[PDB]
Amino acid sequence: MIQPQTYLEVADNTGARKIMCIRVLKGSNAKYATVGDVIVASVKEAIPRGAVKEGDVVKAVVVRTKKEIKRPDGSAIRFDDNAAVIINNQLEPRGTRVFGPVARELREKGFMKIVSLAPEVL
Amino acid sequence: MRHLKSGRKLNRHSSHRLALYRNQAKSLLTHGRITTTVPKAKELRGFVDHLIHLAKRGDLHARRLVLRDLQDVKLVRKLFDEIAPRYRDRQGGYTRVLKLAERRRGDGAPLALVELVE
Amino acid sequence: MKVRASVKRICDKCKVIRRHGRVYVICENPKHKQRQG
Amino acid sequence: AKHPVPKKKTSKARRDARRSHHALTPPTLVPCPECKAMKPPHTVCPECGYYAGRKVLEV
Amino acid sequence: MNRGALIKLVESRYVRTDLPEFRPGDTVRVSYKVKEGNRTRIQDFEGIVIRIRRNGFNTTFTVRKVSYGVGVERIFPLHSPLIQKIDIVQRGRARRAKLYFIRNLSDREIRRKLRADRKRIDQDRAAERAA
Amino acid sequence: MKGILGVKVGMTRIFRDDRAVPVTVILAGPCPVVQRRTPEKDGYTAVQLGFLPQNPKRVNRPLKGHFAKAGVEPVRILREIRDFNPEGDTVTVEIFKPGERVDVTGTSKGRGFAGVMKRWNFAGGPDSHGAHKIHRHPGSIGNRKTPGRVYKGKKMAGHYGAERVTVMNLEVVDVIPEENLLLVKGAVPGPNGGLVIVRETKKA
RNA sequence: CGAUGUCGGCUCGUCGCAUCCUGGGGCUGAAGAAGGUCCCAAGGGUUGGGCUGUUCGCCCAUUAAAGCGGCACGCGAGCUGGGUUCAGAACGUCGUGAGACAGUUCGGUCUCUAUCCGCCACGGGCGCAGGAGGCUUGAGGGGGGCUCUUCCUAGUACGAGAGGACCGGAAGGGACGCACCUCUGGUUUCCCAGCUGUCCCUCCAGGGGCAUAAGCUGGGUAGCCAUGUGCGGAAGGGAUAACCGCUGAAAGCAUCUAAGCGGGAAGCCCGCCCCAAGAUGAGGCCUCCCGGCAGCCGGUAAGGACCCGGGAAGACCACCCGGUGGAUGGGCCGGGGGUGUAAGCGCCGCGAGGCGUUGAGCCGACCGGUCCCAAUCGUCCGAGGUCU
Ligand SMILES: [Zn+2]
Ligand SMILES: [Zn+2]
């Protein structure tokens, strides 16, 4: 459950550190963002001289949520953070490599790039 | 919505309900028969039945258990001596509740006596 | 279907017909197709 | 809350009309099987003090 | 009728039996089936069982491992057929049915609060001895 | 339109094809037929089902005669399946089969005199910034002097639930004939043990 | 003017269509796609945020779209009081001054009890020409009605290419509505455990009170729940709007119309759910009941009520259930579930403590059994069937 004003750890090496979700790109009145969702955020924090500097409005994707994620099997996973990957406008990770685990729903949503770069998909 | 929720609030907060149960039980064991409002009685059936059941068990651990509530040495002694035997062959139904025909004048409340079964 | 109040012939092929009580300027030319209202 | 107030005096017929349901049901009594005295059912006969054909209270 | 007995009757055809008993605080490597792409592969999720809500057949449990400095918690239906096998890699000695406080503890303190269970461990060595 | 009486015994999820599909379990059968609504005799077509059986000392003379007119045992509850002519004398879960879509109706859990939020999901008022004693009130209810009244059906307080409810198009996850149990995906209106009625779904 | 409370915001809507999207269609400077314009269309929707008291507007990111308006610029006996507009204060300015502003700025009491109509729920009475108990039908009324993306169709048609379809299917979403608690997650007021101070029981140990109307903390059953699960918008039929037609005269031709027939939309009616015979038009089916003085009275029939014992039923009432044949509730037992190894004892420790006994002990609701305790005995109402 990611909603606007939320802070997200960027999971990749784009340069940012955290991004504030300001929108959830799933229909018009989408309440919450979750794994595999496309949010639009601001770069509230970036490494010096990274690819992106602060204030950049960027499309990202949630890859981990401290709110658990059920599954059709019955099992459910829950991280201890909120992470996103700063993607381009074409569903390609703008960063070269992701960090930390990710969720499997990304494979279900055409994010095999991020699934691949994931050091540990779950 | 009180759906399936067991127990009466009795218009007393938690500790007051509990001390009510303790004092009610104390007077009951000390007298066998007592007169009290109906709902207090029916909310007193189980609380007495449990103590008398530990009476039937009689061991030391039960002594400290019932003693956790009654808080008396003497009255608990009578419990484990006069009542534990007399209910040694009764499984539940350690108390009886009869409703009196005459309401309390001061408030019109209905009365009923709770008695230890014979 | 040019809807208006001053339905009128434009070309000679503009032909008026009082269809369904309304006045329609039916013509071979689609542009001249007019409905009075 | 601007202090709502009765607009008009309640006419007598309307007052009595609302008091229609104010009747008091008579307390239903059954004769005590012991002493044949009337008393509320499912209670102890305060006259005989018996109940369920046996003694309960000391009249 | 016994609604409960009917429930246990229904679930009874689905209750898994072979899984090794374990209590919270222990450590587990769950061989859990996965349907990736179209094939299926069993990945092991090894962490601490920080919770077991026991509801009969609907009983499930929580595993917790730190994947790349990231608290990864997971919830498994205790009788899920997808759960291939469970592995008691460690009889941690918990002291409460629920172990949420480890969420806030550094791993040094996490270990220091979860010591091995001499009783259940020694029972393990006692068992696990074929004819 | 086939349909059987039943009782809600509880909910549960099962594992059907590696999917913890939650279901509710419904003791449906065995429903004996007691009377058949024929249009020449009752203006329409339907049937009348008994579930569950009743202690004979708990049945008035009229009901008893109503059973003796059939060959049916005295039964506690009795209902009607509209537009359903069961051939046999006792409808069971046999009419249903797994995967079949059904519609289930039962009385919702009666939530007493429910407030306006719980009953209609009104927003209420704020919890700070000075809201004076109206934290859960519905605010305004109408307009000023025009129309100077309150429309019919304005969402106000009242008994939420405790009414007939029909959730529809559910899936018959499984049938259990020997037990007369029925496993239907999704939840069913009513408390555990609450009477319910299952029927063919009107969807397509 | 012996008072009609004034902007704004919130809550709650309802309605008009001069339609923002969704539906249908015409024309095009409509190749396709995308558009423009107009026509019919109000079922549904019409996002979130920054600034500002603001409405408004700009902007941010979206969206199918981010409609315009009425309802006392809706709504203060529903809320707020930010602005305006009481009294204090200050600035610019005007005034000699006292003071003034429509200019600014900081501050500034918003009044428990609903009589009637209305509305939301629930009942009592009577009626429903014999009395009851069940089942129903459904006059009619309400609810709901949505929409998007992707895939195939098909890179097909179109198109130099670029780009890129119709139609028809498929799947997945968003919001919303209903229901439910299997799962997740909350609470879970004393169900479990631990800890601090104090005082007390009883010295130790072990407990109790108080620390909140739980002392705090760690959990958490059932129930209630959403953030969780399922389900829904239908499909279809009918008559239609715009519009498109067949036949076709008046009027030798043509003409969608004048006789006719048809197609034709998120539209209307039905269809789905819900309510529903006070539907006084009181409906229909099944079953049960049978005299002394249009009636009268009688105990009464059937039956009901009162009375308990309760209930995911509930403010009360009502409804449901049970009433010795009883498992209805309390007990108890067993399972579930929770807490998490009781005390005591033994051993190891200088001791704090640790180990075994021990997944023990306790254990609210949960699921069944058991008549241990209670629903004792009971009382009273309630048929003699209007007339053609
Ligand atoms: Zn022309
Ligand atoms: Zn007597």
# chains A, B, ... in the order shown; residues from 1 in each chain; ligands from 1
call {"tool": "residues_near_ligand", "arguments": {"ligand": "ligand 1", "cutoff": "10 Å", "atoms": "only C-alpha atoms (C1' of nucleotides) and all ligand atoms", "output": "ChimeraX atom specification"}}
result
/C:8-16,25-34
call {"tool": "select_by_dssp", "arguments": {"residues": "chain D", "states": "strand (DSSP E)", "output": "PyMOL selection string"}}
result
chain D and resi 30-31+38-39+50-51+54-55
call {"tool": "residues_near_ligand", "arguments": {"ligand": "ligand 2", "cutoff": "9 Å", "atoms": "only C-alpha atoms (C1' of nucleotides) and all ligand atoms", "output": "ChimeraX atom specification"}}
result
/D:31-39,44-51
call {"tool": "write_last_selection", "arguments": {"atoms": "N, CA and C atoms", "output": "PDB file, in the first residue's frame"}}
result
ATOM      1  N   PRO D  31     -51.424 -19.354  41.113  1.00  0.00           N
ATOM      2  CA  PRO D  31     -51.602 -19.743  42.513  1.00  0.00           C
ATOM      3  C   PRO D  31     -50.439 -20.612  42.960  1.00  0.00           C
ATOM      4  N   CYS D  32     -49.930 -20.336  44.149  1.00  0.00           N
ATOM      5  CA  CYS D  32     -48.896 -21.180  44.715  1.00  0.00           C
ATOM      6  C   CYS D  32     -49.447 -22.579  44.928  1.00  0.00           C
ATOM      7  N   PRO D  33     -48.844 -23.610  44.343  1.00  0.00           N
ATOM      8  CA  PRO D  33     -49.341 -24.970  44.579  1.00  0.00           C
ATOM      9  C   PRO D  33     -49.272 -25.382  46.035  1.00  0.00           C
ATOM     10  N   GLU D  34     -48.393 -24.768  46.823  1.00  0.00           N
ATOM     11  CA  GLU D  34     -48.314 -25.098  48.238  1.00  0.00           C
ATOM     12  C   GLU D  34     -49.465 -24.481  49.018  1.00  0.00           C
ATOM     13  N   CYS D  35     -49.547 -23.154  49.028  1.00  0.00           N
ATOM     14  CA  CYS D  35     -50.522 -22.452  49.847  1.00  0.00           C
ATOM     15  C   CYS D  35     -51.673 -21.881  49.034  1.00  0.00           C
ATOM     16  N   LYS D  36     -51.762 -22.212  47.747  1.00  0.00           N
ATOM     17  CA  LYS D  36     -52.842 -21.745  46.882  1.00  0.00           C
ATOM     18  C   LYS D  36     -52.863 -20.227  46.747  1.00  0.00           C
ATOM     19  N   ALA D  37     -51.749 -19.560  47.033  1.00  0.00           N
ATOM     20  CA  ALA D  37     -51.684 -18.110  46.963  1.00  0.00           C
ATOM     21  C   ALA D  37     -51.140 -17.674  45.612  1.00  0.00           C
ATOM     22  N   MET D  38     -51.704 -16.598  45.079  1.00  0.00           N
ATOM     23  CA  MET D  38     -51.238 -16.082  43.805  1.00  0.00           C
ATOM     24  C   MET D  38     -49.874 -15.436  43.976  1.00  0.00           C
ATOM     25  N   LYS D  39     -49.057 -15.520  42.937  1.00  0.00           N
ATOM     26  CA  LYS D  39     -47.711 -14.970  42.970  1.00  0.00           C
ATOM     27  C   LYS D  39     -47.111 -15.093  41.578  1.00  0.00           C
ATOM     28  N   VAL D  44     -40.208 -17.684  43.903  1.00  0.00           N
ATOM     29  CA  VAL D  44     -40.547 -18.326  45.161  1.00  0.00           C
ATOM     30  C   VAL D  44     -41.837 -17.735  45.695  1.00  0.00           C
ATOM     31  N   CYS D  45     -42.734 -18.594  46.135  1.00  0.00           N
ATOM     32  CA  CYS D  45     -43.892 -18.108  46.859  1.00  0.00           C
ATOM     33  C   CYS D  45     -43.438 -17.502  48.173  1.00  0.00           C
ATOM     34  N   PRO D  46     -43.490 -16.182  48.343  1.00  0.00           N
ATOM     35  CA  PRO D  46     -43.101 -15.604  49.634  1.00  0.00           C
ATOM     36  C   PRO D  46     -44.013 -16.021  50.763  1.00  0.00           C
ATOM     37  N   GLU D  47     -45.222 -16.483  50.456  1.00  0.00           N
ATOM     38  CA  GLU D  47     -46.112 -16.968  51.501  1.00  0.00           C
ATOM     39  C   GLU D  47     -45.624 -18.298  52.050  1.00  0.00           C
ATOM     40  N   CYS D  48     -45.588 -19.327  51.204  1.00  0.00           N
ATOM     41  CA  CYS D  48     -45.130 -20.623  51.677  1.00  0.00           C
ATOM     42  C   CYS D  48     -43.614 -20.685  51.740  1.00  0.00           C
ATOM     43  N   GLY D  49     -42.933 -19.898  50.916  1.00  0.00           N
ATOM     44  CA  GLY D  49     -41.496 -20.010  50.827  1.00  0.00           C
ATOM     45  C   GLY D  49     -41.019 -21.234  50.097  1.00  0.00           C
ATOM     46  N   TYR D  50     -41.918 -21.971  49.461  1.00  0.00           N
ATOM     47  CA  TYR D  50     -41.528 -23.166  48.738  1.00  0.00           C
ATOM     48  C   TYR D  50     -41.389 -22.850  47.262  1.00  0.00           C
ATOM     49  N   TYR D  51     -40.789 -23.786  46.541  1.00  0.00           N
ATOM     50  CA  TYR D  51     -40.573 -23.616  45.118  1.00  0.00           C
ATOM     51  C   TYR D  51     -40.138 -24.948  44.546  1.00  0.00           C
TER      52      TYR D  51
END
call {"tool": "atom_distance", "arguments": {"atom1": "CA of residue 3 in chain A", "atom2": "CA of residue 84 in chain A"}}
result
12.8 Å
call {"tool": "atom_distance", "arguments": {"atom1": "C1' of residue 91 in chain G", "atom2": "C1' of residue 107 in chain G"}}
result
16.3 Å
call {"tool": "residues_around", "arguments": {"residues": "range 39-53 of chain A", "least_positions_apart": "2", "cutoff": "6 Å", "atoms": "only C-alpha atoms (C1' of nucleotides)", "output": "number ranges by chain"}}
result
A: 14-25, 55-61
call {"tool": "write_last_selection", "arguments": {"atoms": "N, CA, C and O atoms", "output": "PDB file, in the first residue's frame"}}
result
ATOM      1  N   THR A  14      20.513   4.619  -9.901  1.00  0.00           N
ATOM      2  CA  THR A  14      20.261   5.807 -10.705  1.00  0.00           C
ATOM      3  C   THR A  14      20.927   7.034 -10.108  1.00  0.00           C
ATOM      4  O   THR A  14      21.325   7.942 -10.843  1.00  0.00           O
ATOM      5  N   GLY A  15      21.059   7.079  -8.788  1.00  0.00           N
ATOM      6  CA  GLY A  15      21.676   8.209  -8.129  1.00  0.00           C
ATOM      7  C   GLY A  15      20.828   8.721  -6.989  1.00  0.00           C
ATOM      8  O   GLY A  15      21.347   9.185  -5.969  1.00  0.00           O
ATOM      9  N   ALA A  16      19.515   8.639  -7.149  1.00  0.00           N
ATOM     10  CA  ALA A  16      18.627   9.035  -6.077  1.00  0.00           C
ATOM     11  C   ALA A  16      18.801   8.108  -4.879  1.00  0.00           C
ATOM     12  O   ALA A  16      19.460   7.070  -4.948  1.00  0.00           O
ATOM     13  N   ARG A  17      18.220   8.515  -3.758  1.00  0.00           N
ATOM     14  CA  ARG A  17      18.115   7.684  -2.568  1.00  0.00           C
ATOM     15  C   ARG A  17      16.671   7.394  -2.215  1.00  0.00           C
ATOM     16  O   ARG A  17      16.292   6.230  -2.054  1.00  0.00           O
ATOM     17  N   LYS A  18      15.860   8.434  -2.087  1.00  0.00           N
ATOM     18  CA  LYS A  18      14.455   8.312  -1.757  1.00  0.00           C
ATOM     19  C   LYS A  18      13.648   9.113  -2.756  1.00  0.00           C
ATOM     20  O   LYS A  18      14.134  10.088  -3.335  1.00  0.00           O
ATOM     21  N   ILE A  19      12.406   8.699  -2.947  1.00  0.00           N
ATOM     22  CA  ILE A  19      11.485   9.381  -3.840  1.00  0.00           C
ATOM     23  C   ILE A  19      10.145   9.484  -3.141  1.00  0.00           C
ATOM     24  O   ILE A  19       9.702   8.537  -2.486  1.00  0.00           O
ATOM     25  N   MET A  20       9.500  10.631  -3.267  1.00  0.00           N
ATOM     26  CA  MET A  20       8.179  10.835  -2.699  1.00  0.00           C
ATOM     27  C   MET A  20       7.142  10.547  -3.769  1.00  0.00           C
ATOM     28  O   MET A  20       7.092  11.238  -4.789  1.00  0.00           O
ATOM     29  N   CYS A  21       6.322   9.532  -3.537  1.00  0.00           N
ATOM     30  CA  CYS A  21       5.231   9.252  -4.454  1.00  0.00           C
ATOM     31  C   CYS A  21       4.241  10.401  -4.444  1.00  0.00           C
ATOM     32  O   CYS A  21       3.760  10.812  -3.385  1.00  0.00           O
ATOM     33  N   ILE A  22       3.943  10.923  -5.627  1.00  0.00           N
ATOM     34  CA  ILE A  22       2.973  11.990  -5.795  1.00  0.00           C
ATOM     35  C   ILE A  22       1.807  11.563  -6.667  1.00  0.00           C
ATOM     36  O   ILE A  22       0.942  12.376  -6.977  1.00  0.00           O
ATOM     37  N   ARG A  23       1.770  10.302  -7.077  1.00  0.00           N
ATOM     38  CA  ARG A  23       0.704   9.836  -7.944  1.00  0.00           C
ATOM     39  C   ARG A  23       0.887   8.342  -8.135  1.00  0.00           C
ATOM     40  O   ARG A  23       1.994   7.820  -7.994  1.00  0.00           O
ATOM     41  N   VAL A  24      -0.204   7.660  -8.454  1.00  0.00           N
ATOM     42  CA  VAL A  24      -0.175   6.233  -8.736  1.00  0.00           C
ATOM     43  C   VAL A  24      -0.790   6.014 -10.109  1.00  0.00           C
ATOM     44  O   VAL A  24      -1.983   6.261 -10.316  1.00  0.00           O
ATOM     45  N   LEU A  25       0.026   5.563 -11.058  1.00  0.00           N
ATOM     46  CA  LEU A  25      -0.415   5.441 -12.444  1.00  0.00           C
ATOM     47  C   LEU A  25      -1.147   4.119 -12.626  1.00  0.00           C
ATOM     48  O   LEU A  25      -0.637   3.151 -13.191  1.00  0.00           O
ATOM     49  N   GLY A  55      14.385  16.827  -6.937  1.00  0.00           N
ATOM     50  CA  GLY A  55      13.344  17.563  -7.609  1.00  0.00           C
ATOM     51  C   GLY A  55      12.913  16.983  -8.935  1.00  0.00           C
ATOM     52  O   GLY A  55      11.946  17.478  -9.524  1.00  0.00           O
ATOM     53  N   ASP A  56      13.591  15.957  -9.427  1.00  0.00           N
ATOM     54  CA  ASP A  56      13.185  15.345 -10.681  1.00  0.00           C
ATOM     55  C   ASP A  56      11.913  14.538 -10.478  1.00  0.00           C
ATOM     56  O   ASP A  56      11.835  13.698  -9.579  1.00  0.00           O
ATOM     57  N   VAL A  57      10.915  14.798 -11.307  1.00  0.00           N
ATOM     58  CA  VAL A  57       9.697  14.003 -11.316  1.00  0.00           C
ATOM     59  C   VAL A  57       9.930  12.813 -12.231  1.00  0.00           C
ATOM     60  O   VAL A  57      10.160  12.980 -13.432  1.00  0.00           O
ATOM     61  N   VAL A  58       9.871  11.612 -11.671  1.00  0.00           N
ATOM     62  CA  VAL A  58      10.275  10.408 -12.378  1.00  0.00           C
ATOM     63  C   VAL A  58       9.233   9.327 -12.174  1.00  0.00           C
ATOM     64  O   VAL A  58       8.677   9.187 -11.081  1.00  0.00           O
ATOM     65  N   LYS A  59       8.980   8.555 -13.221  1.00  0.00           N
ATOM     66  CA  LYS A  59       8.186   7.349 -13.075  1.00  0.00           C
ATOM     67  C   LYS A  59       9.039   6.264 -12.442  1.00  0.00           C
ATOM     68  O   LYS A  59      10.144   5.980 -12.910  1.00  0.00           O
ATOM     69  N   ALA A  60       8.526   5.661 -11.383  1.00  0.00           N
ATOM     70  CA  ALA A  60       9.194   4.572 -10.701  1.00  0.00           C
ATOM     71  C   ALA A  60       8.222   3.415 -10.574  1.00  0.00           C
ATOM     72  O   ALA A  60       7.053   3.509 -10.955  1.00  0.00           O
ATOM     73  N   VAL A  61       8.709   2.313 -10.024  1.00  0.00           N
ATOM     74  CA  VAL A  61       7.888   1.128  -9.840  1.00  0.00           C
ATOM     75  C   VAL A  61       8.150   0.556  -8.460  1.00  0.00           C
ATOM     76  O   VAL A  61       9.305   0.411  -8.049  1.00  0.00           O
TER      77      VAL A  61
END
call {"tool": "closest_atom_pairs", "arguments": {"of": "chain F", "to": "chain D", "cutoff": "12 Å", "atoms": "only C-alpha atoms", "output": "tab-separated table"}}
result
residue	atom	partner	partner_atom	distance
F:132	CA	D:1	CA	10.3
F:133	CA	D:1	CA	10.2
F:134	CA	D:1	CA	11.0
call {"tool": "closest_atom_pairs", "arguments": {"of": "chain F", "to": "chain B", "cutoff": "12 Å", "atoms": "only C-alpha atoms", "output": "CSV"}}
result
residue,atom,partner,partner_atom,distance
F:109,CA,B:3,CA,9.2
F:110,CA,B:1,CA,9.0
F:111,CA,B:1,CA,6.5
F:112,CA,B:1,CA,7.1
F:113,CA,B:1,CA,9.2
F:114,CA,B:1,CA,9.1
F:115,CA,B:1,CA,11.5
F:118,CA,B:1,CA,11.9
F:159,CA,B:1,CA,11.6
F:160,CA,B:1,CA,11.4
F:161,CA,B:1,CA,11.9
F:191,CA,B:3,CA,10.0
F:192,CA,B:4,CA,11.4
call {"tool": "write_last_selection", "arguments": {"atoms": "N, CA, C and O atoms", "output": "compact mmCIF listing (two decimals), in the first residue's frame"}}
result
# COMPACT_ATOMS: atom_id res chain seq x y z
N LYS F 109 -25.86 -10.70 8.92
CA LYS F 109 -25.71 -10.57 10.35
C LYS F 109 -26.32 -9.26 10.81
O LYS F 109 -25.84 -8.18 10.46
N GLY F 110 -27.40 -9.35 11.59
CA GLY F 110 -28.15 -8.18 11.96
C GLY F 110 -27.34 -7.27 12.85
O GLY F 110 -26.99 -7.64 13.98
N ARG F 111 -27.04 -6.07 12.37
CA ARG F 111 -26.16 -5.18 13.09
C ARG F 111 -26.92 -4.17 13.93
O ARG F 111 -26.41 -3.08 14.22
N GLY F 112 -28.13 -4.53 14.35
CA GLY F 112 -28.94 -3.71 15.22
C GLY F 112 -29.19 -2.33 14.64
O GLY F 112 -29.14 -2.12 13.43
N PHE F 113 -29.45 -1.38 15.53
CA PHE F 113 -29.65 0.00 15.12
C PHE F 113 -28.28 0.58 14.78
O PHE F 113 -27.59 1.14 15.62
N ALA F 114 -27.90 0.44 13.52
CA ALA F 114 -26.58 0.86 13.08
C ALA F 114 -26.53 2.36 12.89
O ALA F 114 -27.50 2.98 12.44
N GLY F 115 -25.39 2.95 13.22
CA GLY F 115 -25.16 4.36 12.98
C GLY F 115 -25.14 4.69 11.51
O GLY F 115 -25.37 3.82 10.67
N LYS F 118 -21.45 3.37 9.68
CA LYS F 118 -21.47 1.93 9.45
C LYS F 118 -22.60 1.51 8.52
O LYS F 118 -22.47 0.52 7.81
N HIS F 159 -31.57 -0.13 11.16
CA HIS F 159 -31.05 -1.49 11.27
C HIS F 159 -30.30 -1.85 10.00
O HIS F 159 -30.91 -2.14 8.97
N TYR F 160 -28.98 -1.83 10.08
CA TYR F 160 -28.14 -2.29 8.99
C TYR F 160 -27.98 -3.80 9.10
O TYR F 160 -27.64 -4.31 10.17
N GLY F 161 -28.25 -4.49 8.02
CA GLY F 161 -28.21 -5.93 8.06
C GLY F 161 -29.49 -6.51 8.63
O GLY F 161 -30.52 -5.85 8.72
N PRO F 191 -24.68 -15.45 9.66
CA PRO F 191 -23.77 -16.03 10.65
C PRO F 191 -23.69 -17.54 10.47
O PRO F 191 -24.48 -18.16 9.76
N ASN F 192 -22.70 -18.12 11.13
CA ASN F 192 -22.53 -19.56 11.09
C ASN F 192 -23.75 -20.24 11.69
O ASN F 192 -24.19 -19.89 12.79
call {"tool": "closest_residue", "arguments": {"among": "E:15, E:63, E:3, E:73", "to": "residue 103 in chain A", "atoms": "only C-alpha atoms"}}
result
E:73
call {"tool": "residues_around", "arguments": {"residues": "range 113-115 of chain B", "least_positions_apart": "2", "cutoff": "8 Å", "atoms": "only C-alpha atoms (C1' of nucleotides)", "output": "list in words"}}
result
residues 28, 32, 33, 34, 35, 36, 41, 95, 96, 97, 98, 99, 100, 111 and 117 of chain B
call {"tool": "write_last_selection", "arguments": {"atoms": "N, CA, C and O atoms", "output": "mmCIF file, in the first residue's frame"}}
result
data_model
loop_
_atom_site.group_PDB
_atom_site.id
_atom_site.type_symbol
_atom_site.label_atom_id
_atom_site.label_comp_id
_atom_site.auth_asym_id
_atom_site.auth_seq_id
_atom_site.Cartn_x
_atom_site.Cartn_y
_atom_site.Cartn_z
ATOM 1 N N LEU B 28 -21.111 -15.570 49.674
ATOM 2 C CA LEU B 28 -21.804 -16.806 49.344
ATOM 3 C C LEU B 28 -21.226 -17.973 50.130
ATOM 4 O O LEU B 28 -21.961 -18.717 50.788
ATOM 5 N N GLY B 32 -23.625 -19.512 52.226
ATOM 6 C CA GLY B 32 -24.352 -20.496 51.451
ATOM 7 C C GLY B 32 -25.456 -19.883 50.617
ATOM 8 O O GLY B 32 -25.493 -20.059 49.398
ATOM 9 N N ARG B 33 -26.370 -19.176 51.267
ATOM 10 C CA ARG B 33 -27.434 -18.446 50.600
ATOM 11 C C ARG B 33 -27.185 -16.954 50.732
ATOM 12 O O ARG B 33 -26.768 -16.475 51.789
ATOM 13 N N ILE B 34 -27.428 -16.223 49.646
ATOM 14 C CA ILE B 34 -27.393 -14.770 49.652
ATOM 15 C C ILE B 34 -28.485 -14.265 48.724
ATOM 16 O O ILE B 34 -28.952 -14.976 47.832
ATOM 17 N N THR B 35 -28.884 -13.020 48.938
ATOM 18 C CA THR B 35 -29.901 -12.374 48.127
ATOM 19 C C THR B 35 -29.253 -11.253 47.341
ATOM 20 O O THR B 35 -28.512 -10.443 47.907
ATOM 21 N N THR B 36 -29.513 -11.212 46.039
ATOM 22 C CA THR B 36 -28.871 -10.226 45.184
ATOM 23 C C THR B 36 -29.720 -10.067 43.932
ATOM 24 O O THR B 36 -30.566 -10.909 43.630
ATOM 25 N N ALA B 41 -26.530 -12.377 40.095
ATOM 26 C CA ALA B 41 -26.570 -13.806 40.365
ATOM 27 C C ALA B 41 -26.079 -14.595 39.163
ATOM 28 O O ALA B 41 -25.105 -15.352 39.254
ATOM 29 N N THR B 95 -24.229 -24.191 42.284
ATOM 30 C CA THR B 95 -25.031 -23.113 42.834
ATOM 31 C C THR B 95 -26.407 -23.148 42.204
ATOM 32 O O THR B 95 -26.572 -23.603 41.070
ATOM 33 N N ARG B 96 -27.387 -22.664 42.947
ATOM 34 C CA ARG B 96 -28.761 -22.585 42.494
ATOM 35 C C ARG B 96 -29.232 -21.145 42.602
ATOM 36 O O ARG B 96 -28.855 -20.430 43.534
ATOM 37 N N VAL B 97 -30.058 -20.723 41.652
ATOM 38 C CA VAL B 97 -30.520 -19.345 41.565
ATOM 39 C C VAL B 97 -32.034 -19.367 41.501
ATOM 40 O O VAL B 97 -32.607 -19.917 40.554
ATOM 41 N N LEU B 98 -32.688 -18.771 42.491
ATOM 42 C CA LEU B 98 -34.138 -18.656 42.466
ATOM 43 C C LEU B 98 -34.545 -17.198 42.534
ATOM 44 O O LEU B 98 -33.988 -16.425 43.318
ATOM 45 N N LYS B 99 -35.519 -16.833 41.715
ATOM 46 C CA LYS B 99 -35.979 -15.462 41.651
ATOM 47 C C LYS B 99 -37.071 -15.236 42.683
ATOM 48 O O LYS B 99 -38.010 -16.028 42.797
ATOM 49 N N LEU B 100 -36.940 -14.161 43.445
ATOM 50 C CA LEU B 100 -37.912 -13.851 44.478
ATOM 51 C C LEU B 100 -39.107 -13.140 43.865
ATOM 52 O O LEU B 100 -38.991 -12.457 42.847
ATOM 53 N N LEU B 111 -35.216 -9.237 42.745
ATOM 54 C CA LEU B 111 -34.283 -9.938 43.608
ATOM 55 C C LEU B 111 -34.286 -11.424 43.294
ATOM 56 O O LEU B 111 -35.222 -11.957 42.695
ATOM 57 N N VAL B 117 -25.711 -25.421 46.335
ATOM 58 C CA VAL B 117 -26.542 -26.606 46.233
ATOM 59 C C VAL B 117 -26.325 -27.460 47.478
ATOM 60 O O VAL B 117 -25.291 -27.367 48.149
#
call {"tool": "residues_around", "arguments": {"residues": "range 95-101 of chain A", "least_positions_apart": "6", "cutoff": "9 Å", "atoms": "only C-alpha atoms (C1' of nucleotides)", "output": "ChimeraX atom specification"}}
result
/A:10-15,51,63-64,79,85-87,114,117-122 /E:67-70,72
call {"tool": "closest_residue", "arguments": {"among": "G:221, G:63, G:137, G:85", "to": "chain E", "atoms": "only C-alpha atoms (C1' of nucleotides)"}}
result
G:221
call {"tool": "residues_around", "arguments": {"residues": "residue 173 in chain G", "least_positions_apart": "5", "cutoff": "10 Å", "atoms": "only C-alpha atoms (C1' of nucleotides)", "output": "number ranges by chain"}}
result
A: 26-27; G: 148-150
call {"tool": "write_last_selection", "arguments": {"atoms": "C-alpha atoms (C1' of nucleotides)", "output": "PDB file, in the first residue's frame"}}
result
ATOM      1  CA  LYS A  26      -3.251   2.939 -12.353  1.00  0.00           C
ATOM      2  CA  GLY A  27      -6.396   4.499 -13.690  1.00  0.00           C
TER       3      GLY A  27
ATOM      4  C1'   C G 148     -10.226   1.823 -18.377  1.00  0.00           C
ATOM      5  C1'   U G 149      -5.744  -0.874 -20.090  1.00  0.00           C
ATOM      6  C1'   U G 150      -3.634  -4.972 -22.622  1.00  0.00           C
TER       7        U G 150
END
